Number of protein chains: 4
Amino acid sequence: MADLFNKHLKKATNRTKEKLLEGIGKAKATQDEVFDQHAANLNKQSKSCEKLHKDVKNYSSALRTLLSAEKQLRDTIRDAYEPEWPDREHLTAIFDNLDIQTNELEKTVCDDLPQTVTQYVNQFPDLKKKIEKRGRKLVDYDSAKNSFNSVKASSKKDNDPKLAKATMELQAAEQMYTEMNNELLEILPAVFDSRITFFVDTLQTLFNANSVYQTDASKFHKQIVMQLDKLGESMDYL
Amino acid sequence: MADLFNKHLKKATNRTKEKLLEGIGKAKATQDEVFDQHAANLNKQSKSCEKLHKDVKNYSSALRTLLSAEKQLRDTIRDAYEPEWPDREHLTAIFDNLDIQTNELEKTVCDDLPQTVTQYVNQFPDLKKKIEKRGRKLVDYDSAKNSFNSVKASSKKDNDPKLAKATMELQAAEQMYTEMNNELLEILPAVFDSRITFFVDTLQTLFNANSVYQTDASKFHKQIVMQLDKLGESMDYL
Amino acid sequence: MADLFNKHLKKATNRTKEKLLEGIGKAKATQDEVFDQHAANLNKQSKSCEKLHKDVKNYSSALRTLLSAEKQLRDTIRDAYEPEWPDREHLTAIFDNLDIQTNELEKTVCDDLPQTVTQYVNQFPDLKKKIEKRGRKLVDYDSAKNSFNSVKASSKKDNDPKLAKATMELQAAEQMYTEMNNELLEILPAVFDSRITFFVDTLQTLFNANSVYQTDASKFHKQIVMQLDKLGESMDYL
Amino acid sequence: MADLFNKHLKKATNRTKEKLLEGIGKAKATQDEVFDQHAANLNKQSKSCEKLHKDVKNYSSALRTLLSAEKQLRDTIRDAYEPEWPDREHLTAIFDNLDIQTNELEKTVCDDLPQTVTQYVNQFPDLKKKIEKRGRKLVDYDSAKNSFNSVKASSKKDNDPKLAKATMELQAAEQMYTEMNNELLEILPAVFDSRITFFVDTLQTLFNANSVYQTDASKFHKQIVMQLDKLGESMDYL
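In the PDB header, cryo-EM is given as the technique by which the entry was determined, and 7.9 Å as its resolution.

**Notes on the overall build of chain A**
Helix and strand counts for chain A come out as 6 helices and 0 strands. The order of α-helices and β-strands along chain A, N terminus first, is α-α-α-α-α-α. On C-alpha atoms alone, chain A measures out to a radius of gyration of 34 Å, which is more than a quarter above the 18 Å that the 2.2 N^0.38 rule sets for 238 residues. The principal-axis extents of the C-alpha atoms in chain A amount to approximately 115 × 65 × 20 Å. Taken over 238 residues, chain A has a buried fraction of 34%. When contacts within chain A are restricted to residue pairs at least 6 apart in sequence, long-range pairs at least 24 apart make up 84% of them.

**Topic: the interface of chain A and chain B**
Across the contact, 31 residues belong to chain A and 29 residues belong to chain B. Between chain A and chain B, the buried area comes to about 3,000 Å², and carbon and sulfur atoms account for 71% of it. Area buried by chain A at its contact with chain B is led by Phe207, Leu228 and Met235 of chain A, which between them contribute 17% of it. Joining chain A to chain B, the criterion identifies 1 salt bridge. The interface formed by chain A and chain B holds 7 residue pairs in polar contact in total. Looking at the side of chain A that touches chain B, the elements with two or more residues in it are α2 (32-80) and α6 (195-237) of chain A. Of the residues forming the side of chain A that touches chain B, the biggest block, 21 residues, is contributed by α6 of chain A. Here the side of chain A that touches chain B is built from residues that sort into 17 nonpolar, 10 polar and 4 charged.

**Re the environment of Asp79 of chain C**
Position of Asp79 of chain C among the secondary structure elements: in helix α2 (residues 32-80). C-alpha of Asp79 of chain C to C-alpha of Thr92 of chain C: the two residues are 13 residues apart in sequence and 9.5 Å apart in space.

**Topic: the interface of chain D and chain C**
Each partner contributes residues to the interface: chain D has 29 residues there, and chain C has 31 residues. Here chain D and chain C share an interface that buries about 3,000 Å² over both sides, 71% of which is from carbon and sulfur atoms. Summed over the three residues of chain D that lose the most area to chain C, namely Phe207, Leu228 and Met235 of chain D, the buried surface amounts to 18% of that side. Where chain D touches chain C, the interface holds 1 salt bridge.

**Some points on the packing of α2 of chain A against helix α2 (residues 32-80) of chain B**
For the pair α2 of chain A and α2 of chain B, the least separation of the axes is 11 Å and the interaxial angle reads 155°. Judged on the interaxial angle alone, α2 of chain B and α2 of chain A are roughly antiparallel. As for the relative orientation of α2 of chain A and α2 of chain B, their crossing is left-handed in sense. Contact residues: α2 of chain A offers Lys51, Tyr59, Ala69, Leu73 and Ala80 of chain A, while α2 of chain B offers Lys51, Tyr59, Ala69, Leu73 and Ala80 of chain B. Along the lines of polarity and charge, the residues of the contact of α2 of chain A with α2 of chain B split into 8 nonpolar, no polar and 2 charged.

**Some points on the pattern of salt bridges**
Scanning all chains against the criterion turns up 48 salt bridges over all chains. Ionic pairing is found between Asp140 of chain A and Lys137 of chain A, a salt bridge with its closest N-O pair at 2.8 Å. Here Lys137 of chain A and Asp140 of chain A lie together in helix α4 (residues 124-154), a separation of 3 residues that amounts to about one turn. One salt bridge in this structure joins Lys219 of chain C and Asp216 of chain C, with 3.9 Å as the shortest N-O distance. Of this pair, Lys219 of chain C and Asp216 of chain C both sit in helix α6 (residues 195-237), 3 residues apart, which is roughly one turn of the helix. Taking the relative accessible area as the measure of exposure, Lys219 of chain C reaches 40% and is therefore partly exposed. Overall, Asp216 of chain C belongs to the buried group, its relative accessible area being 15%. When salt bridges with common partners are traced through the structure, they connect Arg74, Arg78, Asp96 and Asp99 of chain A into a single cluster.

**Details of the arrangement of the chains**
A minimum C-alpha distance of 23 Å separates chain A and chain C, which share no contact. For chain A and chain D, which are not in contact, the least C-alpha distance works out to 54 Å.

**Some details on unusual backbone geometry**
Leaving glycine aside, a negative phi is the common case for residues, and trans is the common case for peptide bonds. Residue and element names in this part refer to chain D. For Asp158, which is not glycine, the phi torsion reads 55° and is therefore positive. In this fold, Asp158 is placed in the loop between α4 (123-154) and α5 (161-237). The backbone of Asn159 shows a phi angle near 55°, a positive value even though the residue is not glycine. Mapping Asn159 onto the fold places it in the loop between α4 and α5.

**Concerning a positive patch on the surface**
A surface patch of positive charge is lined by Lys47 of chain B together with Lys7, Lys10 and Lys11 of chain C. Looking at which element gives the most residues to the positive patch, the answer is helix α1 (residues 6-24) of chain C, with 3 residues. Tracing the sequence through the fold places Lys7 of chain C in helix α1.

**Concerning the packing of aromatic side chains**
What the rule picks out here adds up to 22 aromatic pairs over all chains. Considering the side-chain rings of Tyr81 of chain B and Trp85 of chain B, the 5.2 Å spacing of their centres and the 75° angle between planes classify their relative orientation as edge-to-face. Through successive ring pairs, a cluster of aromatic residues spans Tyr81 and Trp85 of chain A together with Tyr120, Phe124, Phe198 and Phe199 of chain B. Directly above the ring of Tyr177 of chain B sits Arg134 of chain B, whose terminal nitrogen or CZ lies 4.1 Å from the centroid.

**Description of the environment of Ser154 of chain B**
Tracing the backbone shows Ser154 of chain B in helix α4 (residues 123-154). Here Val151 of chain B takes part through its backbone oxygen, which lies 3.1 Å from a polar atom of the side chain of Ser154 of chain B.

**A look at the side chain of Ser234 of chain C**
All names here are of chain C. For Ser234, the position within the fold is in helix α6. Classification of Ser234 as buried rests on a relative accessible area of 16%. Within the local environment of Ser234, its side chain forms a polar contact with the backbone oxygen of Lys230, the two atoms lying 2.8 Å apart.

Reading the values: the criteria
- Residues numbered from 1 in each chain as written, not as in the entry; some residues may be left out.
- Chains lettered and ligands numbered in written order.
- Heavy atoms only, no water.
- Helix = DSSP H or I, 4+ residues; strand = E, 2+ residues; numbered from the N terminus.
- Rg over C-alpha atoms; globule rule 2.2 N^0.38 Å.
- Buried < 20%, exposed > 50% of the residue type's maximum accessible area, 1.4 Å probe, protein only.
- Contact = heavy atoms within 4.5 Å.
- Buried area = accessible area lost by both parts, 1.4 Å probe.
- Salt bridge = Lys/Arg side-chain N within 4 Å of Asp/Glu carboxyl O.
- Polar contact = N/O pair within 3.5 Å; in protein donor to acceptor, adjacent residues only side chain to side chain.
- Nonpolar A, V, L, I, M, F, W, Y, C, P; charged D, E, K, R; others polar.
- Axes fitted to C-alpha atoms, helices over the stretch in contact; angles between N-to-C directions.
- Parallel < 35°, antiparallel > 145°, perpendicular 65-115°, else oblique.
- Left-handed = near helix turned anticlockwise from the far one by under 90°.
- Patch = residues over 30% accessible without salt bridge, like charges linked within 9 Å, V, L, I, M, F, W, Y side chains within 5 Å.
- Areas by Shrake-Rupley, 256 points an atom, 1.4 Å probe, with all protein chains shown as cover.
- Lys, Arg positive; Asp, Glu negative; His and termini not counted.
- Charge placed at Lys NZ, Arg CZ, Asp CG, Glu CD.
- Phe/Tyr/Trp six-rings, centres within 6.5 Å; stacked < 30°, edge-to-face > 60°.
- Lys NZ or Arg CZ within 6 Å of the ring centre and 35° of its normal.

The following block contains the structure:
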């Protein structure tokens, strides 16, 4: 069977090459070579951002409730503690310090963090737009260039004002093309590579705030462990 | 002027004073007056337990939910991560260890902690009942004592079955009174002071588990801070 | 039942302590400590007097009729006696002497006795009034003392003429307070203890008059007994 | 002049003088003339008894009321007394003894005394009637005596049934006359003089009872005078 069905194989592979003509659309001379690669690069910067933002916002709400629950924990232990027992003031001050630390983390992650994306995303819109800016005259340059030759090929004489018009289009499109090459060839790919800059600022902000809080939380909770040890000794007398 | 109407309240309220006092009882130098310490005092131990238990159960659910949310945090970072960043394996292992530590805390507090209260509490239920085991035996002992005297005073001849019966009650009640005194004056006061034993075992179980988790969490999260530092260095190349 | 109904016992005794707030009235800083005890003492002098007077007046009327009936007895025996019989003049003079003795007792108890209460009750009104005299400035002294401190506590400066006013009240009330302490601390309790003085004067007057009469009456009636003995001897001859 | 009208009164009044004298009777040397002592004389004994009885009954009620008022005196002092005075028990016993003495007097005079009159009085009622037992027998005796003579004078022959009848009346009346003389001349005069026997028994009963009471009353009340003296000493401390 496999070879007879290989008539299916033979048909499929080479005849599919003709099918690719039908797949794409109506013109083929384009900005693709240099600047679609830069376009895809600058879009690859955007496409991770939207996921990161969704997760960062949802989890920032999760952190805001988490810190609120840790504030409730502290107030509840303060209030549940009662003055018959040895140390209430010291552990109360520990809880107040951990409240301060939760408020720092809450401010920094929940409120402040999103700006750290913006901190370098500021520029990316105009630059995304500018990939298209370069493209406009990468297309019109070739169109004008060929058009000039076209006229010089079609007319019995130069005098055919169309040759002048196509020259004017060629000059204008080449001027824009070259200016936009210089600006955009550096900036747009540099901005893709710099996409890591805003990712790193944001992730660093988020984790730095979390880690400073938990670093303080561990010493504060180890201090309450020492409060357990003295409470063991206290255990018989009270 | 209104005080004249208070004269009417005086007549009625003086008769209630008598009837309240009829509530009280009869005795000789009785250590049951220390059992008039026990009942309201071993009830501090009960009523503070009900508050402690209530809070500990509510907050044990709160801790279970917190540890679940921390499992979700880890799984979310682990899943959110991309293979193009090298520490993905190291920080995945850091998160796996912190998952283990949350599971240990969750088991220890949320599941296990109530038994710690129970361990010293097990003796208290019988011993509270024992407060009345002793207390009634005073009422019988001095009732029988004064009954024997009452017969010997009332009865014209002695040779009175009432006197023999009152002697039998006196002996029986005195034996129970003295047995219960010896047992209960040791045990029941000891249970009051020893109430601190379950309070301390319970509080120690709860805070010990929380501290071992957070001590491990701080080292594990400091190791993710070091991952931020290497990511800052990485930031520019990627 | 008794312990469940002891929920009634438990409720009644401690919750009654809160009920005592509702029982009394609107201020608590007062003359009670030193001088209500002296006030009750000087009132305890009055409260036996009114009963004693009621009974002494009613029985003084009873004595006035009793002595009148004894006068009728004497006149009737004098008049019933007749001159055929041996001794009429001697027993007639006995009756006349017992008339004199009844008139002495009648004067002394029925007419004169009440003044023997007054003999020392003279002073008690003003002194009863004076317990209140002391009280007026035992109250206003504290009120002025506290008021001075109040002003010195409330005003931003001394200059607040209220401080002067409260000083003037304090001085005046302390002057009256001390004067009234000196007079009243001795007199009012001494007057309670001296209440026995007028009781004893009155009871002595009453009984002394009665006993002098009956002492004479017994010798007078024993003399008429000797008249019976001679009348036995007379019995045959007449 | 008015004396002339007295002549008219003389004629009528002289005829009444005759008719009064027709009231009188007939006799020989009769000891019934001493029975003309008895009737008006044993009536002194009756009429003075009625006065004595009247007064004794009225005054026995008066004594009953007096002794009742003295019971009330004692019970009133006993009840009026206060436990803070020591002789309350001694003077209570003094009053209890004087209650006994009033009850003894009350029984003896008020209830018992009339029988004392009665004891000697019992013989008098029959003996008063006996005065007429004798008196009529004179009227029969001399009527029959003079009747026998009258027949012997009037009757022509003797042999007269009237003379025999008059002899029978004379004998019968003389026997009764002489029997009654012997009995009644002894007894009835003796009863007149012996009237003093019940007067003396009665007066002695009355005054003896009154004196024994008052003799005891004076010692008992002198013992309350001693209670006044100890109360004078007590007076200052109480």
